[PDB]
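In what follows, a structure is listed as structure tokens, so that the remarks can point back to it.
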Amino acid sequence: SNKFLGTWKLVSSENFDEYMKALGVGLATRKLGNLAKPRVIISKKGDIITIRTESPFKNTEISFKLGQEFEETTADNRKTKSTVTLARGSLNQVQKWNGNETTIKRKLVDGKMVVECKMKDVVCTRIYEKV
Ligand SMILES: CCCCCCCC/C=C\CCCCCCCC(=O)O
């Protein structure tokens with residue numbers, strides 16, 4: 001949709017250390033992971049949507065079509081088979097690799113974006129503010 005379109009800045013994070021931990025990320029990447037206030041820039045050109053995560057430490061851009069499947073390289077070097085769906089105001093995301101699987105849900109709450117990350121027995125909640 002749109003409500004997503006714009007520039008968002010990280011404001012609050014919760015249980016991210018364990019989300020990473022649970023992803024298999026090692027100490028190094030984690031100290032950095034924890035210490036960052038990323039900026040996300042969702043943009044739409046035609047039917048291709050872009051999600052861009054910027055931080056001093058690392059960048060990440062992804063271009064998808066809702067419904068269609070795509071190959072995404074994570075910020076942690078993983079090579080994933082992701083799908084992005086629109087279900088009742090939230091942009092759910094599915095990442096599959098090997099036999100593992102993680103989900104990222106982006107919902108709009110009081111002009112805030114609430115990012116919910118689940119990885120088997122683990123949820124982390126990162127809040128973002130617009131602009
Ligand atoms: C939040 C990505 C930028 C962090 C840089 C440090 C390297 C990240 C290590 C593991 C990242 C796991 C993927 C994070 C998903 C969060 C998505 C979002 O917050 O919009």
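In the structure tokens, each chain is lettered A, B, ... as it comes, each chain's residues begin at 1, and ligands are numbered from 1 in order of appearance.
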- Enumerate residues in contact with ligand 1: an atom-to-atom distance of at most 8 Å, counting only C-alpha atoms and all ligand atoms. Format the result as a PyMOL selection string. chain A and resi 10+19-20+23+25+29-30+32-34+36+38+40+53-55+57-60+74-76+104+115+117+126
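Near residue 130 (chain A), within 7 Å and counting only C-alpha atoms, sit residues 7, 8, 9 and 112 of chain A; same-chain residues fewer than 5 positions away were not included.
Taking only C-alpha atoms, the non-local environment of residue 106 (chain A) within 7 Å (same-chain residues fewer than 2 positions away omitted) comprises residues 90, 91, 92, 104, 108, 113, 114, 115 and 116 of chain A.
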- Query: Which is closer to residue 124 (chain A) than all the others in A:110, A:77, A:103, A:43, using only C-alpha atoms?
  - Reply: A:103
